[PDB]
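# Residue-level structure breakdown
Spelled out from the first residue to the last, the chains are:
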Amino acid sequence: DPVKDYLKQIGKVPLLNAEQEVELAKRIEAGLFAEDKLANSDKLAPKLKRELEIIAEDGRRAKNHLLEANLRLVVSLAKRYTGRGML
DNA sequence: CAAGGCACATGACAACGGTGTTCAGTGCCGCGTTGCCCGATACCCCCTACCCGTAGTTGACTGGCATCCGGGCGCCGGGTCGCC
């Protein structure tokens, strides 16, 4: 029962291709640099800090895009490795 | 014939005889309470074969696993659907 609901929760999400995934990774590194700059104790402009924060949030969104995409692969591997004592 | 003079013994007189006593001291030779001298054993030390925790492994490899019955009865009780 619950696994059916989790597979439903996976539902339909956009699968990832080479161009989409590499663009997402580019946004990820952009956001990582943005939060790096934010974490620096040096004073930064307020609007600049908000720009860095929003790109970091967009990178987080990209992260969840990758994870929600590859839930299907990880459950495939789980099927490969299940039935040996753990749930 | 009576009174006065000499022998032997005699009332006491201490001091020896000999033995068993008073202190008292110190041992004599049987029973006890603690000194040896060791010997062992508990407590520190160093490192090392192994136990246990963590870090990676670049073709790709994108939804499981189901259940499946001959009770059977019987009721309660409520939920959902039907009626209108």
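The present account deals with the structure reproduced in this document. (Residues numbered from 1 in each chain as written, not as in the entry; some residues may be left out. Chains lettered and ligands numbered in written order. Part of a larger assembly, values for the part shown. Heavy atoms only, no water.)

For DNA strand B, the set of nearby residues contains 13 residues, the closest of which are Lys-4, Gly-11, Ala-69, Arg-72 and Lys-79. Sugar and phosphate atoms constitute 31% of the interface atoms of DNA strand B, taking the interface as everything within 4 Å of the protein. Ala-69 places a main-chain nitrogen or oxygen 3.0 Å from a base oxygen of DNA strand B. In this structure, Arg-72 approaches DNA strand B through a side-chain N or O atom, which is 2.7 Å from a base oxygen. Broken down by secondary-structure element, the contributors of at least two residues to the surface near DNA strand B are α1 (2-10) and α3 (46-81). Of the residues assigned to the surface near DNA strand B, the class counts are 7 nonpolar, 2 polar and 4 charged. (Near = heavy atom within 4 Å. Polar contact = N/O pair within 3.5 Å; in protein donor to acceptor, adjacent residues only side chain to side chain. Helix = DSSP H or I, 4+ residues; strand = E, 2+ residues; numbered from the N terminus. Nonpolar A, V, L, I, M, F, W, Y, C, P; charged D, E, K, R; others polar.)

Among the surface-exposed residues, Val-3, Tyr-6, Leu-7, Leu-73, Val-74, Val-75 and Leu-77 lie close enough to one another that they form a single nonpolar patch of about 640 Å² accessible area. For the nonpolar patch, the leading source of residues is α3, giving 4 residues. Tracing the backbone through its elements, the reader meets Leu-73 in helix α3. (Patch = residues over 30% accessible without salt bridge, like charges linked within 9 Å, V, L, I, M, F, W, Y side chains within 5 Å. Areas by Shrake-Rupley, 256 points an atom, 1.4 Å probe, with all protein chains shown as cover. Salt bridge = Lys/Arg side-chain N within 4 Å of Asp/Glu carboxyl O.)

Here we come to the packing of helix α2 (residues 18-39) against α3. Here α2 crosses α3 at 140 degrees, and the two axes come no closer than 8 Å. Comparing their axes, α3 and α2 come out oblique. Both α2 and α3 take part in a crossing whose hand is left-handed. Residues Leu-24, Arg-27, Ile-28, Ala-30, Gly-31, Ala-34, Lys-37 and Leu-38 of α2 form the contact with α3, whose own contacting residues are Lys-49, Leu-52, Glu-53, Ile-55, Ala-56, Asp-58, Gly-59, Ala-62, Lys-63, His-65 and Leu-66. (Axes fitted to C-alpha atoms, helices over the stretch in contact; angles between N-to-C directions. Parallel < 35°, antiparallel > 145°, perpendicular 65-115°, else oblique. Left-handed = near helix turned anticlockwise from the far one by under 90°. Contact = heavy atoms within 4.5 Å.)

Its 36 residues place the ends of α3 50 Å apart at the C-alpha level, agreeing with the 52 Å of an ideal helix rising 1.5 Å per residue. Looking at the buried residues of α3, the elements they touch are α2. At the C-terminal side of α3, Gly-83 shows a positive phi close to 80 degrees. (Expected span 1.5 Å × (residues − 1).)

We now examine the pattern of salt bridges. Under the defined criterion, the tally for this structure stands at 3 salt bridges. For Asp-58, the salt bridge goes to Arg-27, with nearest N and O atoms at 2.9 Å. Taken together, the residues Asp-58 in helix α3 and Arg-27 in helix α2 connect sequence positions 31 residues apart. Of the residues examined, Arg-27 reaches a relative accessible area of 18% and is grouped as buried. With its nearest N and O atoms 2.7 Å apart, the salt bridge here joins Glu-53 to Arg-60. A relative accessible area of 40% places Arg-60 in the partly exposed class. (Buried < 20%, exposed > 50% of the residue type's maximum accessible area, 1.4 Å probe, protein only.)

Any functional reading would require information beyond the geometric quantities listed.
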